[PDB]
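In structure tokens, one chain follows: the form deposited in one PDB entry.
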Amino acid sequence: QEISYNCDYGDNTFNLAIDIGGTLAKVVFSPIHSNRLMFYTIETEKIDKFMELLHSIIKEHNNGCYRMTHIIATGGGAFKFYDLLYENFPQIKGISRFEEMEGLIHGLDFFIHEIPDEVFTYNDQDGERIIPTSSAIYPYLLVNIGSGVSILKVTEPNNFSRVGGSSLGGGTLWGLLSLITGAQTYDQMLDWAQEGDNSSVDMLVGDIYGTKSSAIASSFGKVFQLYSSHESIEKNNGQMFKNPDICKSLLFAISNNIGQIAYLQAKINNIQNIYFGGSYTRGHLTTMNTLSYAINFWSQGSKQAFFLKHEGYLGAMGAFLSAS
């Protein structure tokens, strides 16, 4: 992924911003005098393999010149991993930090105000509609979904604060689905969710009250439904459930819950505009429709969900900008 942008290279430095999250690392960088912003994401399971990516970026995109490279660490792990970064990059020009929430908002404000065709709405009926934000904006909520959910309130440029988030985020969904279905990739989980029918494992309004009917009353609610002396308890231990239906059920459960909490926070704070960031939606139409419908449903259309083409890079983008 790349964006054309006339960057300022007055410091003659290769700036490399890294958002160090709980599960994923996101980098934003620009080869000097290239006027291209580049974006990359890695799954930092083994910290060794994440340092090795940074080395490869410096080698491939700055001629291996550590002395002309400045690293900006952001994300939740920025202050934590600062010393380790210095241990791993002794020849670096410098390493600085940028606080997580300020990184997110500076990066989001940059994408809203500077980058065209970056903000969009999505639902299954109207499709994707690009919002010409870089051509009303404030106040807004940013719901940043990754390792847990962070929710930030922005009333005007450079004025933001944290409101209550949630531990039921992308890591919960991927962790549950990985363990239950054995899926190894987010794309396998989302492909299954797209085809699945949650009604085989969810209790719907119709299932409680008998024959909106398709509204979910209890996510996964259909599943639970001295010494040995009788037959083994293998009848219930052997009940089987469809992987696509499980994926759709838990994608709905997690996304609808995020959307509700986001709605309630926007209601408390008198906010109409809700941006979703982080690596959660992945541009997937089912996930986006679910989050957008949740906001529309609870507000009867008086609040609006917005998505971002570079949703996963908000924090690293803000950190990149803080360098120069």
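Counting begins at 1, following the sequence as shown. In this text, rigid core is short for the largest set of C-alphas that superpose within 1.5 Å between two forms.
In the comparison with other entries of the same protein, residue 245 is given coordinates in all of those covering both sides of it, so it never reaches the one-third threshold. Across the other entries compared, at least a third leave residue 226 without coordinates even though the residues on each side are present.
According to the entry, the deposited sequence places 4 to 9 unmodelled residues between residue 135 and residue 136.
Per the record, residue 232 and residue 233 are directly connected, as no deposited residue between them is missing from the model. Between 256-264 and 36-44, the higher mean Cα B-factor belongs to 36-44. On average the C-alpha atoms of 201-209 have higher B-factors than those of the other stretch, with 168-176 and 201-209 being the two compared. Across 218, 96, 158, 123, the greatest Cα temperature factor reported in the deposited entry is at 158. The residue among 77, 116, 146, 182 whose C-alpha atom has the highest B-factor in the PDB entry is 116. When the modelled residues of the chain are ordered by C-alpha B-factor, residue 65 sits in the middle third. Per the deposited record, the Cα B-factor of residue 272 falls in the middle third when ranked against the other modelled residues of its chain.
Placement of the Cα temperature factor of residue 112 within the chain: middle third of the modelled residues, per the deposited record. The deposited CA B-factor of residue 7 belongs to the highest third of values across its chain. Among all modelled residues in its chain, residue 103 ranks in the lowest third by Cα B-factor.
The protein also exists as the form deposited in another entry; that form is not presented, and the subsequent description refers to it.
Measuring CA movement between this form and the one not shown with the rigid core aligned, the set 239, 184, 167, 159 has one residue at 2 Å or more: 239.
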